[PDB]
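[1] coords please:
(9 chains, ligands or ions: 5)
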Amino acid sequence: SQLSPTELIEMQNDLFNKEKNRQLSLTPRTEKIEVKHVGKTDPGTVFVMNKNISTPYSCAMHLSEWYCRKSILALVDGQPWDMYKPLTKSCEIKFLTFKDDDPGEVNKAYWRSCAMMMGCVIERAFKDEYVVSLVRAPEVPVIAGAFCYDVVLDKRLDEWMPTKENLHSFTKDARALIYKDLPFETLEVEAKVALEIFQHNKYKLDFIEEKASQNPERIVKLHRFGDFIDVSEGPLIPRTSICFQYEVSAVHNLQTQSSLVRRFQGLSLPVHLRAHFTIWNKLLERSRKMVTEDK
Amino acid sequence: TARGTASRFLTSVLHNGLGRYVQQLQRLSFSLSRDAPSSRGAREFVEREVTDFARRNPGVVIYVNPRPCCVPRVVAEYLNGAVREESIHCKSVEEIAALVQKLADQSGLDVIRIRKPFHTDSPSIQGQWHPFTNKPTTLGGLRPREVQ
Amino acid sequence: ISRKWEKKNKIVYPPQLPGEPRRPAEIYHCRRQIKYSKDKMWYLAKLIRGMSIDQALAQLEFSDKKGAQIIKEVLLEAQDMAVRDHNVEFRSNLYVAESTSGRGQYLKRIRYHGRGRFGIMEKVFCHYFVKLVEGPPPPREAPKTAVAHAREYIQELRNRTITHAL
Amino acid sequence: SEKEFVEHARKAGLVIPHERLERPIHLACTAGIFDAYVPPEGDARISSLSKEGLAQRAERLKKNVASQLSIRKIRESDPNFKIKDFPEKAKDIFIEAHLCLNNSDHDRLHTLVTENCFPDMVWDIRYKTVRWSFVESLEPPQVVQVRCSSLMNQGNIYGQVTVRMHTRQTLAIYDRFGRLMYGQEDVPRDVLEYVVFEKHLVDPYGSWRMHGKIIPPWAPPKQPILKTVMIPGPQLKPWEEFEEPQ
Amino acid sequence: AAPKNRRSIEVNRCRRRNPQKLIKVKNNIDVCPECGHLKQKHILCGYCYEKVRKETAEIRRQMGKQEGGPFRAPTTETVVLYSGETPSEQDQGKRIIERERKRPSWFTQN
Amino acid sequence: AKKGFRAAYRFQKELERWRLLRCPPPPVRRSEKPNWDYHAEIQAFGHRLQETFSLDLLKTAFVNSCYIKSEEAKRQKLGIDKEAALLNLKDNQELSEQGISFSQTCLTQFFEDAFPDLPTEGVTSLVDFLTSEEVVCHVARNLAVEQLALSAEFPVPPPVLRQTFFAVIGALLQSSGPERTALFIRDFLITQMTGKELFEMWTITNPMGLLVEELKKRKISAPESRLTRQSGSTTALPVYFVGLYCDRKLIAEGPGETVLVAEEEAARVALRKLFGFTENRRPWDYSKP
Amino acid sequence: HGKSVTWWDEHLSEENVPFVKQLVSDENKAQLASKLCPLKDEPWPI
Amino acid sequence: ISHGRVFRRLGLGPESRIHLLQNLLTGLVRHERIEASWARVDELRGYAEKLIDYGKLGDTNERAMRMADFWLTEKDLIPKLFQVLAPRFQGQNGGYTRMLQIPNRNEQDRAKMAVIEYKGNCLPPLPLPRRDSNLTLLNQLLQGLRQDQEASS
RNA sequence: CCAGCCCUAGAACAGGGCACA
Ligand SMILES: [Mg+2]
Ligand SMILES: [Mg+2]
Ligand SMILES: [Mg+2]
Ligand SMILES: [Mg+2]
Ligand SMILES: [Zn+2]
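    Residues are numbered from 1 along each chain as shown, chains lettered A, B, ... in the order given. Ligands and ions are numbered 1, 2, ... in the order given. What follows is the structure:
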């Protein structure tokens, strides 16, 4: 359809806002939930929180600012949980940082956040006349030296590959995006509304369908920061500015029997685990390679 | 001391005097006493010269208030909203009339130092001096040591 | 003496009409008759001025001055008051707006020098006043940049007028 | 140089000056409630029927011999004492007390409520703005029981009257900064309590003053607070370990 | 030497408010991941060190109560054990301290 | 204990002054102030402008619908029957409409007979500026119309102030003659244009475009922008002079920081020269024909 | 954001510190070995 | 000028410094973990290392015997020194002591205090500052780099 | 980039080192 990219962004934001208002109006009253703190530092702590309003970020604010600074992920008694997602019922919370003994979940969440950021930068750094479709965020483990993102470009862009100047421009765009603090908001929607939210990316529609297939209730996790909306697995980091060092290593063009997809690879390190110059150079040189992991 | 006090430019309220003159004195309220020896001048003025002044100046509301007060005062409220308070304590009728005429002829502005004794809007008739208003032009606008 | 920084905590504001922005809560507190010195307490006050309560307590925990523990106790008591008495949730959502140190009533003693000479030794005492405002800490003022300097200089050049001309 | 400080604030009460008082402490009311009325847990459904509540209330008020003898003693101590004209006066006193607490009229509040009701209703509200109103009353106030405490060491009789009151009120408690804290001002929420008024019968004036406010144990919980509350963990010493309760 | 004139408050402030005399902010502050208190990055945690000091004081008090003499020092290795523990074969032949308190979490068996 | 009363009373006056400086009270109504007489104020307002109004017309113009509504609310809150006289206040809406219409028509005619080259949008912008909220409010506040306007909200917001001013204008129109009202308008509204510029109140967007349109209307081919003189090209504050030549004839010249701003200024000067609103124009004739 | 100070040993592990030391050491050795023959790669005109 | 010096001035002079270090070393040998001023502990570290080296030298060595007689004031420590600390330190070369700076003393002096401890003692372990786990982000990336380097050879 | 540990560098503040061992 004849729709400008800014018009698409506005429509997506408006539809997400309507769904958010519906989710908020689903509960007319403010119920009291009794949340325990099963953490290691302050045991026995009890919080009288609001249902579908209070957040683990508000719990950290109740505790102390050190928690708001350190704790990235939340474990609600059985599962990970982002900071900006409202609580549902009474439960117990345990905070999770980067330097913990088992930080695997937080590392994967940071990986997904960086992948979504790189995807947004790639989607919004290209020209209007060219068509660009994000496929998904390939879940690669932490051992892989970079986070990858799959992008299908126009048919006329299948000849050239981004040079060092283009990679540096992408890195500058990512740094400028990080400079302005953007909160990651997570919402639980249905495929029936996700299809009309996207309505343009056939790959995104197929991804939503295959993610809702394994979901008995057809529940899809949407993530949105600033003006960009994307679907991804697992929770995300609360703030964007947590990503201190960020680089776009290179891109790898993989060809299939259906179409060819650019696999953009990026490297990132937060402010809590920033490294030295030589260490960063070695890690970037390692990320320069090819990363292949789908199942 | 100019640096100690404030300063303002010579301005007129609502561009008075251009189209028609408007007496800037809106109201004049005397507060005096009937038995105090200090209010003798104010009493004699209210007896003698308030009617002639009221007839001469119709655009000013003149209020008179005899009340149990010790110091005779006069409050002039102008069109700009300014309130000027003066003391007529033990002053002869001539001095009272002089002060009344002064308050009538005043404009109500603040009595501070005036920087410029003149104020002309657009004084740039026939042109204003600029560093190029008296230098001749060369052929083609060439710089002194520029070759074409 | 004078006691107004404590009475400032008992004022009542009219109810906020529906539609007006939420006014942040303000809590005044003070510690009277501290054995510390006026200037030495003012140093810590200036150190913890404008910072968040969390970072202020973190700095006071490691500060080697004797007044560090004093100001830490004062801040803890002020936070407890803001939580219990005042309707201020999120006990870590406070920032120090003002933190000052003044003098109080001294004591005079005789300090001997020698050769029959003496001095009036002054036992010092200082009051410490603190104000906590609910909300995020205000950002630090950045140094003026070259672009702002150039704009202000162009403005000052343009605001000139021909003096003593008319 | 010999100069020291003064005005050291200390609070220490001693039995010798407490007993060496020239005049005994004159109390305008009793300490607390002697006989607490225990209501049945079926009132929540009985109030749904109009006559099936009035009949039971009248029967319970008539068959209790203690209430009957207390009413008879109040009558013989002071004439012009009627049970039928009491609920309206009690409702008016309650409404006036609420309006006085709204308007912050402490003298009138002292005249209305007693010395045991004033602090519990003024302490945590002296620094807050309240907007209370009266819209409707579902069930009329019903006098349940009447008790009397007669202290013979001084010959003082104090009569208390318990009245079940089912009211429809609107409460909006603001804070000292002006922001809303407790609830909305336009919600006419229903409440059901028991007001226990107290009056000294030996006193020649004898103004009916509210003394106690009884709530049933099966009453629904109050409305949730608009803010979030954090309960701190147990403050443990370094040489102490934590014990998780199960 | 004597001062010639009284220094004005402007110069007084310019002297005693210079950043050289202002207390600098220390940015090496961190939290102890064990107990949640505050500590520096190059200094042990105060709370944990106080716990260890209390436990060491108790252990030394008991091992000194075992030795009724001031100059009666153990000639062999020493081992501390808590309630619910028995000396193994590697712990036999050494001096033994017995504590009624249970073995804390930080104290390793080893 | 220093015996005396003069020092004590003077210090009480000082304390009152300090309290006034500390907590400034909101502005109170001049009518609510002690010394006030409404009929005397109306007569003084009529006599100070050298005009002959009608007392009933002024009392009709100085009332407001907001004041009527406030008085009706007070009546309903008090419980007194006031429908006999309060409903007969004759709100000044019609007088305000007549004043607005006549003032706009007279200002348009004045501008047309003064500057024949002013376009329709130009004269409309001039009339709207002279009848805008700021100018009318300033004139009324200097004429003390705010103090005599019976209305709630003593600040007297700009809409109410302008409505009351134009109601006074309509009352003058109905009492005295149209020529006298036109002279009143000329003396109390056009004086606000002394020293002001045309574009400061016109606020055009494309001066060069408007100029080439005016040249197309006046049968002129096209202006050429040429650099006449310049003072520094690589300095931090360049100064350029751009002139407009039509058929190799200079019509206007403008200085500027950059060449584009200088050409914009030259276009503005050319537009002012074509429309006749120049700093060397004839001063407005303030006389009695 | 009161960011703290960070050195190269704070976030590393016992198994990574020797690896990092070796990775920089052999890198410097290889660089000095590659720069050992300058006259054969591209010398300037003498 | 204080260039090329290894000993720091303590006490009332050289002999007073020697006596203070002797008392500190006696307390350390007796209690197996002590705490003192940071400079005193840093100075005592080397003397404790040398004392352990002398104790490991054997019982019949009269040089080490008289050295321990001079240093250990309480003579009930010399048999302990030769039959507990020296035998348990045989394979270890120089890793006998552990020094850690504790928070400043709560007294008004606010001195820089440290704690020294002989390894292998019968005391609760100090809260040693440990490295981060290998599951961290940077450590995992370095493990990946190491695996790539090993696969390249 | 400067937490901490050394210095033939230094009152404090500054400066040079902490990968080959
Ligand atoms: Mg002597
Ligand atoms: Mg002195
Ligand atoms: Mg002196
Ligand atoms: Mg250095
Ligand atoms: Zn700890």
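[2] my read: residue D:216 touches residue D:37, true?
    No. Residue D:216 lies out of contact with residue D:37 (CB atoms under 8 Å); the separation is 10.0 Å. Where C-beta positions appear, they are placed from N, C-alpha and C, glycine not excepted.
[3] what residues do the two have in common as contacts?
    Counting by CB atoms under 8 Å, 6 or more residues apart in numbering or on different chains, the common neighbours of residue D:216 and residue D:37 are residue D:194.
[4] tell me which strands and helices the strand or helix carrying residue B:86 is in contact with?
    Residue B:86 belongs to strand B:83-87 when assigned by DSSP states H and E. Using 3 or more CB pairs under 8 Å, 6 or more residues apart in numbering or on different chains; DSSP states H and E, the elements in contact with strand B:83-87 are strand B:73-78, helix B:93-105.
[5] Following the chain past the longest one, name the next helix or strand.
    Right, the one you point to is helix B:93-105. strand B:113-114.
[6] Can you tell me which helices and strands that next one packs against?
    strand B:7-8.
[7] tally of neighbours for residue F:96?
    Applying other CB atoms under 10 Å in any protein chain shown, we find 22 other residues in the vicinity of residue F:96.
[8] Now for it: which residues touch it?
    F:61, F:163, F:164, F:166, F:167, F:170.
[9] same thing but 7 Å
    Neighbour list for residue F:96: F:163, F:166, F:167, F:170 [criterion: CB atoms under 7 Å, 6 or more residues apart in numbering or on different chains].
[10] Next, please give the residue ranges for the helices of chain C.
    Along chain C, counting by DSSP state H, helices occupy C:38-48, C:53-62, C:67-84, C:146-158.
[11] Dump the ones you listed into JSON lines; add distance to residue F:50 and mean neighbour count as well.
    Formatted as JSON lines, these follow (distance: least, CB to CB, whole Å; neighbours: other CB atoms under 10 Å in any protein chain shown):
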{"stretch": "helix C:38-48", "distance to residue F:50": "66", "mean neighbour count": "20"}
{"stretch": "helix C:53-62", "distance to residue F:50": "69", "mean neighbour count": "21"}
{"stretch": "helix C:67-84", "distance to residue F:50": "66", "mean neighbour count": "18"}
{"stretch": "helix C:146-158", "distance to residue F:50": "43", "mean neighbour count": "10"}
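[12] Specify the stretch among these that is closest to chain F.
    helix C:146-158 (7.3 Å; CB to the nearest CB).
[13] Show me what that closest one is in contact with.
    Where contact means CB under 7 Å, 6+ apart, no residue beyond helix C:146-158 reaches it.
[14] just stretch F:242-252 next, same as before
    F:220-221, F:223-228, F:253-254, F:256, F:259, F:262-263, F:266-267, F:269-270, F:273.
[15] among those residues, which are in reach of chain C?
    Checked against chain C using CB under 7 Å from any CB of the partner chain, these yield no neighbours at all.
[16] Give me the most central residue, chain B.
    Per CA atoms, centre = their mean, the C-alpha nearest to the average position across chain B is that of residue B:107, at 2.8 Å.
[17] which ones are touching that residue?
    Counting by CB under 7 Å, 6+ apart, residue B:107 touches B:13, B:24.
[18] do stretch A:276-291 and RNA strand I meet at all?
    No. On the criterion CB under 7 Å from any atom of the strand, stretch A:276-291 is out of touch with RNA strand I, staying 7.9 Å away.
[19] quick revisit: so which of the helices and strands packed on strand B:83-87 gets nearest residue F:101?
    strand B:73-78 (32.6 Å; CB to CB).
[20] Note down every partner strand of the closest one and its orientation.
    In the sheet, strand B:73-78 lines up against strand B:25-32 (antiparallel), strand B:83-87 (antiparallel) (DSSP bridges).
[21] Just give me how far the longest one sits from the chain centre.
    For strand B:25-32, the separation from the chain centroid amounts to 16 Å (computed by CA atoms, centre = their mean, to the nearest Å).
[22] what does stretch D:204-224 give?
    4 Å.
[23] Show residues contacting that stretch.
    Residues outside stretch D:204-224 that contact it (CB under 7 Å, 6+ apart) are A:30-32, D:29, D:33, D:36, D:39, D:41, D:78, D:89, D:93-94, D:97, D:112-114, D:116-117, D:160, D:183, D:193-200.
[24] okay, how far is it across it, tip to tip?
    End-to-end distance for stretch D:204-224: 45 Å, by CA to CA, to the nearest Å.
[25] before we move on, what about stretch C:4-14?
    For stretch C:4-14, the first-to-last residue distance is 21 Å (CA to CA).
[26] can you tell if that stretch touches chain F?
    No. Residues of stretch C:4-14 are not located near chain F by CB under 7 Å from any CB, the shortest gap being 13.3 Å.
[27] Give me the buried stretch members for that stretch, please.
    Buried residues in stretch C:4-14, counted by 16 or more other CB atoms under 10 Å in any protein chain shown: C:5, C:9.
[28] Just list what the helix or strand where residue F:213 lies packs against, helices and strands only.
    Residue F:213 belongs to helix F:207-217 when elements are defined using DSSP H and E. On a contact count with 3 or more CB pairs under 7 Å, 6 or more residues apart in numbering or on different chains; DSSP states H and E, helix F:207-217 meets helix F:259-275.
[29] chain center to the helix it packs on, what's the gap?
    The chain centroid and the centroid of helix F:259-275 are separated by 27 Å, computed with CA atoms, centre = their mean.
[30] Give me the buried positions along it.
    Buried residues in helix F:259-275, counted by 16+ other CB under 10 Å: F:262-272, F:274-275.
[31] Also stretch H:103-115?
    So for stretch H:103-115, counting by 16+ other CB under 10 Å, buried means H:103, H:104, H:113, H:114, H:115.
[32] out of those, which are inside strands?
    If you go by DSSP state E, the buried residues of stretch H:103-115 have H:113, H:114, H:115 in strands.
[33] Kindly report the residues of chain C close to chain A.
    C:52, C:54, C:90, C:91, C:92, C:93.
[34] Let me see the contact set for the last one.
    Right, residue C:93. Per CB under 7 Å, 6+ apart, neighbours of residue C:93: A:61, C:134, C:135.
[35] neighbours around the first one, how many?
    Neighbour count of residue A:61, defined by other CB under 10 Å: 20.
[36] doesn't residue A:69 make contact with it?
    No. Residue A:61 lies out of contact with residue A:69 (CB atoms under 7 Å); the separation is 11.2 Å.
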